[PDB]
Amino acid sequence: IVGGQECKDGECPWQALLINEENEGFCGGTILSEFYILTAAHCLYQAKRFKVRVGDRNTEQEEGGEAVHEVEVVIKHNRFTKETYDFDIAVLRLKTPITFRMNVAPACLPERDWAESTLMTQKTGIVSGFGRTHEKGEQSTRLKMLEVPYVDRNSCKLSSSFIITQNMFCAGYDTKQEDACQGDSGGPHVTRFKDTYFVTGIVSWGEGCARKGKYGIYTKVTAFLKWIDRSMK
């Protein structure tokens, strides 16, 4: 996350961290239930093997509430394409269930039509993660969040050097130096409605981070709400 702020205790409890063959974070995810994590399909190619950490806010401190879970099943979207990042979505089933607690709780899955009319029409959503704090920088050791404006699709397409499919949306700022970044990849974009946070996006890609005239690109979760339900059984 470039700009934004550190997540306060209890404020980002749906954040998951995928950890590679080093206990190093390389992507985010979103807690959906005791057994399921939502992430980006493109993250699955970035480490041969990985585990999921929940409850972490500071990767350099053993607070005591963190827990690591192994992955039992990876359910990648069967139309995911590395060339365009179209269909950039996956669900992970964990081998053991998450115990919800301080800093560990699921984000809500909204009903589709209402999400389209009511969530995607809000001014902003929130993105979070442990990703880089500037494009050429290093990952944050502390969990950050950022309020990102929804950006209309026509503006989105004109801004981009690459195709923006209807499975994607833009969020963020034209010139203000705030954005998601590498390492936030796969993590949550949620939208608040009367103090309840609903899953609306997955951090997918960008042309650099916080560049002038570029936006962050997110997987459009409304397009996949039925797919998520099926994937979770």
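We number the residues from 1 along the sequence you see.
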143-151 or 73-81, whichever carries the higher mean Cα B-factor: 73-81
Between 171-179 and 43-51, name whichever shows the higher mean Cα B factor according to the PDB entry. 43-51
Based on what the PDB entry reports, which of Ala107, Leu158, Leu119, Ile89 has the top C-alpha B-factor? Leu158
For the listed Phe162, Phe100, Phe130, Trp114, which has the peak Cα B-factor recorded in the PDB entry? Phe162
Sorting the chain's modelled residues by C-alpha B-factor, tell me whether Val190 ends up in the lowest, middle or highest third. lowest
In terms of its chain's C-alpha B-factors, the third that includes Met232 is the highest
B-factor third for the C-alpha atom of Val68 within its chain: highest
Is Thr222 in the lowest, middle or highest third of its chain when residues are ranked by C-alpha B-factor? middle
Using the B-factor values recorded in the entry, state whether the Cα atom of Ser204 falls in the lowest, middle or highest third among the modelled residues of its chain. lowest
